[PDB]
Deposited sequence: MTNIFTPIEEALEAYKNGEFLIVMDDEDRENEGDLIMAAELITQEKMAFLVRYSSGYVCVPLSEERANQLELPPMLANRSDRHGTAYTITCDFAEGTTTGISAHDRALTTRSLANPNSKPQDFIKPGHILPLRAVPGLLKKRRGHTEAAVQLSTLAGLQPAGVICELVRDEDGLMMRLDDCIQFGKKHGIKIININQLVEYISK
């Protein structure tokens, strides 16, 4: 009565919807908004920033990050050097620009020289094996996109309360999901699905 079955969640994700993702069923877990990188629009990025910490990250597989020449920031959340997609962006930080950069990171046709570094988007490197190797939200994002038949790239950010800026625990996430019509799932639920 709280979490959406994975297969229904995958269709919503496939249809460009966000999913609220928790680690497991614990009430003290803090929620994250996650959606397909290739499907995030200016409006959806505006939504993500409005209700989150604003430290928007874009999980990519290590193979894809290597292809785009996005090395670890430092030669626990594997940040790569930040970036902006050059063509079509100005300030880089706008909802329009961050959305374009995110879709560009997912686009199979994008090339290393298409991006400016540093930038305003934080790409993350998901480990090979995804959730079977590391149960992080980074691996969850790429796993969701993979299961959805989309490019192995996602975009995420932490939900925050408007009242005091505290991260949203399960109860508030359930309220947020009902108010905005967003389904909720948890990583353990996802691991169970891909394991049997």
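| field | Missing residue ranges, deposited sequence indexing starting at 1 | value | Missing from the model are residues 1-2, 78-83.
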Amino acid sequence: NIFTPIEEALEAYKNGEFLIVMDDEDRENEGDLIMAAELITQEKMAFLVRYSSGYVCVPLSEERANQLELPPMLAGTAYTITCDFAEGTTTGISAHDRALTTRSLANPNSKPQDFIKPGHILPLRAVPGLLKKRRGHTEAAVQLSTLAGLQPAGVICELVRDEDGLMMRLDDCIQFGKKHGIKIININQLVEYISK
From here on, numbers count along this sequence of modelled residues.
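| task | Read off the CA B-factors in the entry, average them over 111-119 and over 91-99, and name the higher stretch. | result | Higher mean C-alpha B-factor: 111-119.
| Residue range whose averaged C-alpha B-factor is higher in the record, 129-137 or 54-62 | Comparing 54-62 with 129-137, the higher average CA B-factor belongs to 129-137.
| Which one of 74, 105, 124, 83 shows the top CA temperature factor in the record? | Going by the entry's C-alpha B-factors, 74 comes out highest.
| task | Could you look up the Cα B-factor of residue 145 in the entry and say which third of the chain it sits in: lowest, middle or highest? | result | According to the entry, residue 145 has a C-alpha B-factor in the chain's lowest third.
| Ranked by Cα temperature factor within the chain, is residue 153 in the lowest third, the middle third or the highest third? | CA B-factor rank for residue 153: middle third.
| task | Among all modelled residues of this chain, ranked by Cα B factor, put residue 43 in the bottom, middle or top third, i.e. lowest, middle or highest. | result | As the PDB entry reports it, the C-alpha B-factor of residue 43 lands in the middle third of its chain.
| residue 36, C-alpha B-factor rank within chain (lowest, middle or highest third) | Lowest third of the chain for residue 36's C-alpha B-factor.
| query | Split the chain's modelled residues into thirds by Cα B-factor; is residue 170 in the lowest, middle or highest one? | reply | Middle third by C-alpha B-factor.
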